[PDB]
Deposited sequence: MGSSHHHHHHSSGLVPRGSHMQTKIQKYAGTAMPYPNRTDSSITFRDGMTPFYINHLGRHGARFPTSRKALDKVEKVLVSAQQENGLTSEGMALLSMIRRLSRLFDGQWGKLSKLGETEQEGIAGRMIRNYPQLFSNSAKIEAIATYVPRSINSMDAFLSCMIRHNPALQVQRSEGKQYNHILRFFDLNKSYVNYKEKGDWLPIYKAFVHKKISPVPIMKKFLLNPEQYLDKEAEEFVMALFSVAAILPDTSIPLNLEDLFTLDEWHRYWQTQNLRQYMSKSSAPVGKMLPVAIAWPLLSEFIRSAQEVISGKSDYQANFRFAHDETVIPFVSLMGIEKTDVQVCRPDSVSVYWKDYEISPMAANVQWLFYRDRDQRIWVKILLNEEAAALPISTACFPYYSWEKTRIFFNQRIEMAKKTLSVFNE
């Protein structure tokens, strides 16, 4: 909620969140995790060590180097793992769900959960399920995971055109230019390094961007250390703008991506509709389907749903941060829940929660936040059709 927390972007910890539905349809990112790569930590260390050898550190830089060496030991063998904070985030999400809708999960209700093959997502599922079971051990629970779910949870790895775009598409030079524009490395490096102006701009920006990366992830690790004060608030604001743009262009509805990053999510939207239709019809008798995956899953899924603002197509890179904010969409433990209700005339209504807050769709309803399922399904089906059309052009 603080400005500083928000500027961690997709690395922001899940925010504070302190009738009765007949079905809940869920997608959740894993909870708060350790950094996935040592790359940024190694860069910062190499720069500071080289400086130490040539007598190039300030007192603050020597202290920073000491801290970086410490984090290197603490991160060792922990890369990419769910942290204790990440487990508690899932416990909180499950706990509020059970507390809000006890009748749904009462008696011998049936639930199913799936996860990707990635350990932090499986462990997030388990933190969530363990909370459900503790509250009602009489639940019937199906738990599965792995590469069999790649088509719906890891579609971003399976589409060749998208993989090419993500790795070398036209968004890259836009992002790099924006970084050069927003981030001035010299004043930051002045804190840690003697003669910071002697550094070339490329190496200077790589160092600063790496240091921001280390600082941004630290609150997700449950390690009792903090580096927010390495940078001023304006510096964090600028860094956030650059990473926000990176996420928007590489994973969401940026014009430069031509909706390719969004279109690839259609199989998951299809599966969401299918699981709901089966419960409504009686073919399935689950009270909930839970799914645990990644920000690479959640971001395009939310845009494809067309939750208001998340699918905006903004042409000016400088304007993106005004209209589209990654920390509002995909913080750590980011989740989408569709809650289904039957009224006293047996009409079916759906409420959409994004990070446990009611979300709007660009269709009408006389009882917001509840939408007609019939209207909603028709709208989502049109989104899927649009997605298939988009992909028909980028087959490569």
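According to the record, which stretches of the deposited sequence lack C-alpha coordinates?
Seq positions lacking coordinates: 1-21, 40-48.
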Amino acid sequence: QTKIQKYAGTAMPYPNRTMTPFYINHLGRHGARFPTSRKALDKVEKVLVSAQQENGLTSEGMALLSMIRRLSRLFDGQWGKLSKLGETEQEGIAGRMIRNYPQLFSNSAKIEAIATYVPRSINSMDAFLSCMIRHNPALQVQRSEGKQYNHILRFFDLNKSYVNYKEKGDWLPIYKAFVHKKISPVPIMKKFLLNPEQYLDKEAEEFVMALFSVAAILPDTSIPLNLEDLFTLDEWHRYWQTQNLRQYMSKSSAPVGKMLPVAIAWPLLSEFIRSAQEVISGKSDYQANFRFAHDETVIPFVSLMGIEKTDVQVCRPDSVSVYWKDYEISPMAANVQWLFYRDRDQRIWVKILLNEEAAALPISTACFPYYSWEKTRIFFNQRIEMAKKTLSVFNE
From here on, numbers count along this sequence of modelled residues.
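Quick one: higher average CA temperature factor, 152-160 or 187-195?
Taking the mean B-factor of the alpha carbons in each, 187-195 is higher.
Look over 324-332 and 66-74 in the entry and identify the one with the greater average Cα temperature factor.
So the stretch with the higher mean C-alpha B-factor is 66-74.
Between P173, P267, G146, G86, where does the Cα B-factor run highest in the record?
Highest C-alpha B-factor among the listed options: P173.
Just grab whichever of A263, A204, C131, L245 has the top CA B-factor as deposited.
Max CA B-factor in the entry, restricted to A263, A204, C131, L245: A204.
Would you check the entry's CA temperature factor for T376 and let me know if it's in the chain's lowest, middle or highest third?
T376: CA B-factor falls in the middle third of its chain.
Among all modelled residues of this chain, ranked by Cα B factor, put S364 in the bottom, middle or top third, i.e. lowest, middle or highest.
As the PDB entry reports it, the C-alpha B-factor of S364 lands in the middle third of its chain.
Which third, lowest, middle or highest, does the CA B-factor of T10 fall in along this chain?
Lowest third.
Could you tell me which third, lowest, middle or highest, the C-alpha B-factor of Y239 occupies within its chain?
It belongs to the middle third of the chain when residues are ordered by C-alpha B-factor.
Select lowest, middle or highest to describe the third in which the CA B-factor of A293 falls within its chain in this entry.
Within its chain, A293 is a lowest-third residue by C-alpha B-factor, going by the deposited values.
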